[PDB]
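As structure tokens, one chain now follows by itself in the form deposited in one PDB entry.
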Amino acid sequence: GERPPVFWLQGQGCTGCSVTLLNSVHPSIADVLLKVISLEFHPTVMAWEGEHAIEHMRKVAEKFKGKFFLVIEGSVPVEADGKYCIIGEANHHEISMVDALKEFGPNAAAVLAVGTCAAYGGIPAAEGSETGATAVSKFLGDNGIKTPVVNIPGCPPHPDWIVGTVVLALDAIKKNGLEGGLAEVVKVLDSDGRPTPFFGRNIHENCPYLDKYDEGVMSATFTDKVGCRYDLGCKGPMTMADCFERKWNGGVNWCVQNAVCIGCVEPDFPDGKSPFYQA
């Protein structure tokens, strides 16, 4: 196996999707970086900087045109001619996220929209915003760019959803080639672009407190772990994720055990899941 080149571009992100990836257990992030992918551009962790880092990405992109994977973290703001997200400068000219996605988007093998912001707009697109924050797939489509997009949402996603999707795609490509493998990846996506291995089961239907929900036994304070969390605001009933089973951070907790689910993987997050602390 040969580690494919990956560029990780951040738009209107919080870097939470990079940090969650650093928490991957099996494989560890060291193994991902040294054995699974070749992370050629990533502003948070790479050695080089500035125009030199941009030029390096461009040189790899030219050499591996059609073959590199493009990870997008954050939404893409279109208002004000892209000025709400400037990601770099080269040749004495600023590079907006709009510009960058139009440059690299057409030439990637596939775009992985990591996190709810990139997948669906997320908090930057929520009520009260004014930057034109746009989801990756919509931005690409609006600009005539047909490159396949896989959504890996969550705010943040679990590391296993990101790494697992990368591995699923690379394994499909090993088996059926680039075009055939990407066609197989698209077949495992739901109607919101999400891989069904991680997003095909509903939290509530699989929740350990479902018996209490059915019995009408509800907690009135967060620290009462006996009752169902519905009255405290749990959005498990309308959320598709496998958190009930893999849990978070090495299996030590998850949102429903600790507090409530806020529906962070869903296309309407946050506004359609708010208020968070009532039903």
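Rigid core here is just the name for the largest C-alpha set that superposes within 1.5 Å across the two forms. Throughout, we count residues from 1 along the sequence that is shown. Residues that one form lacks are left out of the comparison.
The discussion below concerns the form deposited in another entry, not included here.
**Q** Where among 62, 31, 215, 245 does the Cα move by 2 Å or more between this form and the one not shown after the core is superposed?
**A** Among the listed residues, the outlier is 31.
**Q** Closer or farther: the C-alpha atoms of residue 23 and residue 31 in the other entry, versus the form shown, with a change of 3 angstroms or more?
**A** Compared with the form shown here, the C-alpha atoms of residue 23 and residue 31 sit farther apart in the other entry, by 3 Å or more.
**Q** With the rigid core superposed, where do three or more consecutive residues all shift their C-alphas by 2 angstroms or more between this form and the one not shown?
**A** Runs found: 27 to 33, 35 to 37, listed by sequence.
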